[PDB]
Structure formats: C-alpha cells, structure tokens
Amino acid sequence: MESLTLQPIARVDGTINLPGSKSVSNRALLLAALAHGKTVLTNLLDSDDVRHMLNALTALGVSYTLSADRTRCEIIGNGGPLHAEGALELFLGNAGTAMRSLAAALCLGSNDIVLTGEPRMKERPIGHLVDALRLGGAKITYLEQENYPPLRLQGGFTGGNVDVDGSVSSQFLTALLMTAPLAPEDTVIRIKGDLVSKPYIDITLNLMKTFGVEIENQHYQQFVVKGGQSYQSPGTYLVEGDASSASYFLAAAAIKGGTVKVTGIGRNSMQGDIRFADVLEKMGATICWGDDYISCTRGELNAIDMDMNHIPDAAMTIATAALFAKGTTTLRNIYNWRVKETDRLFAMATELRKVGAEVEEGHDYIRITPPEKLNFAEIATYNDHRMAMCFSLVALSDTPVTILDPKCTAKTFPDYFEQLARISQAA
C-alpha cells in the first residue's frame, strides 16, 4: 500500500492553471469521433477517465493524435456512428462519463460490443439507461448482474418515445441526448420524475450545440430530438479547466489563505461546479470573478446547511472544509454520492470521524460537527480520487495527515499533490 504524508501547511497563496474538465473532455471526444471533419481539442484533460475514452476510440478505429503532454488532440471524425463486431471488449475503468455515454452511442445501427470496467464499475447502476435504450429499440444484454455493467450491445436504437429515470444519474439522460440526433427516427425523451445533477445536462446541450446540434428542451421534463442529423467539427475547441478540480484550491484559501486564483474557468463557464465558489462566499470567504479566473481570499468560515444536489462532486470539498468552520455543517440531497466511485456518504463519514469530527451519516445527507482540534489519521481513499483530494485539506491545520493510495487522484487529476504544494507556503 502506497501512501503519502502531508506536513502542516501554514498558509496557501498563489495561482493554479487548472487541468482540463473531465466532463467536457469526454463529451468533446465522443462528439468529435462521431462528427464529420477534423476537430482539434486543446486543454484536454490527461487522466484515467479520459485515457479510457481515448483507448475506446482507438479500439473502435477512430484516428487521432496527441501532443507530448496529452492535452492537445487532433481527431479525424468518423462521419457517423462508430462500429465494431465480434463482441469487442472495451475496458472503461471506473469512468461513468465513458460507460454511460458509450453505452448509448454504440446502440446506433448494428454492433456487437461489450462494455466493462473495474470491479466497482460492475457495482454502479446503469439499468435506467438500458431501460430507455431498449424502449428506443436497442438490444442490450447484462452479462453479469442485472442493472449493471458489463453490457453486451447489439444495436438497434432507432428512436421513438423513450422514458428515462433521472433520479439517480443525469448521465443516463446525457447519453440519450448525444445519441438520439443520429438515430433514423425522431425521439421524444420523457423524464419520469425528478432529475438530479441538472447542471450536467446543460453541459451536454452546450457541447452538442458546439458540434452542430440543437434540440427542444421542454422545461427539462421532455426533450424533443429530430433524427437523421450529423455532428460537425467545430474546428479548434478549448476545453474549460475543471471546476471540480478547482474546488480544493479555492477551499484551501477559504481555510488558510491568503488568496488562491485558479485559471482556466471564469464567470462564463458552463460547469455547474463554479457555483462551489458561491458556497465558500456564503461561509465567509471572499470571491473574485474574472473572464478566465476565479479566486478566493480568506475571510472567515461559518458552517452552512444546504441542498447540494446541483454540485454533488465539489460538495465533498465542503465536507472536509467543514472541519475548519464554526458550527455544524449539513449537506443535503446528495443520495447519489452512494453510487459513485465508492459509497461516498459512508466513506466521508468514516474518514471524517477518524480526524475527530462527530458525524451523522444520513441516508442522503451528512451532518458534520468539527472537533476543537484535529488529530492525525491515516486516511483510506476507497479508490476515489476525491477522497484523497478532500482529505488533503486536513493538513491546513496543526496536524499532518497520511493519505493512502495517493495515486488514486489520477482518475481526474494526476498532478494534484504537486499542485497543492505549489500554493503551500511556510510563511
């Protein structure tokens, strides 16, 4: 078991140029692969989740080149649905953005492809998406546990009236939205009830428009899509910096700054996680917005009680920042933390208690009462990049912290610790 120990950080201050957005990166790669023409993506994220998408495109026969640092990608569009036969197996790690989107996209036309991944991915639900794709005509077989990957996709999605449950993941709807335009018939996607992680749907529609396709969004309850469309290369496209990755650095300033500025995202960003800055402001920090930056300056830090359904990923950062806030913090409406890289409600409550907090692990919320002083702990990370990054913040105190399996940050941010060190100051 590898581990790293972080020494106490007296103050943070500086500027971080963000790694590319994982969410934008994987959508842009799939759309570029489906489109006609050559797309040049810049500021693409180099991380496990994107690498699995790149490897999948390679296996499907898509041609592309990568720059030395893997952040510039020149993709030769396929000019239509991707294809492979012979039950070709695509390994997708634990990348939901790739598993869900490809599960839908590869249902176009005929194909015989198997999508699989790491053990945890075989425990992450996908039944809501499979149910919808089947209503649209797709043939899909669960090779192991019903409602979970691995899936054998044999094609047939033609369109029509499709219902989809949006209560567990917005990724199912996102997958359907990117796929439907290329189906032969028109598609009407009806949301069954609640829709979680709504801002990610806006990211999807934004990317689709960039690639030449628009649809009719009827108050996020029903989406009307015309079939027979084609995606078109946007030429050169700049991938936004990752707003979720930015959360750690902005929170670090709110706790121990100083002023920390992140570049690559700004007031015009399409990512819902830029709203994380709003939460820090509500807690007492000062936020500055620019065209291509967001900065946070230390003010004070007070506990909050908020519904975090709109920023589920960045919300984890508030759970450890809460260790430094005055009062008890409550994060609500975050049930799907349970079905992601690990069951995050169980994991965050367990590790937070190890450093001294009193924590109520609710079914779909977490209540955190900070200790008068933190203690040292060896933090388990559950193969979850964000557990490692969130707990790195414990070092902005008088105690060091040991993080197990620090390389798990590579899912979305391989260089995380060196970047945190960049803004860590001794004086």
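Residue numbers run from 1 along the displayed sequence.
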| Mean CA B-factor: is it higher for 57-65 or for 41-49? | 57-65
| remark: Mean Cα B-factor check, 81-89 vs 147-155, entry values; winner is 81-89
| When the CA B-factors of 218, 94, 342, 171 are compared as recorded in the entry, which is the largest? | 218
| remark: Residue set 315, 98, 189, 323, per-entry CA B-factor max assigned to 189
| field | residue 120 - which third its CA temperature factor falls in, relative to the rest of the chain | value | lowest
| field | Relative C-alpha B-factor of residue 20, binned into the chain's lowest, middle or highest third | value | lowest
| Against its chain's modelled residues, does residue 407's Cα B factor rank lowest, middle or highest third? | middle
| Entry-reported Cα temperature factor of residue 167, expressed as the chain third it lands in | middle
| residue 231 - which third its CA temperature factor falls in, relative to the rest of the chain | middle
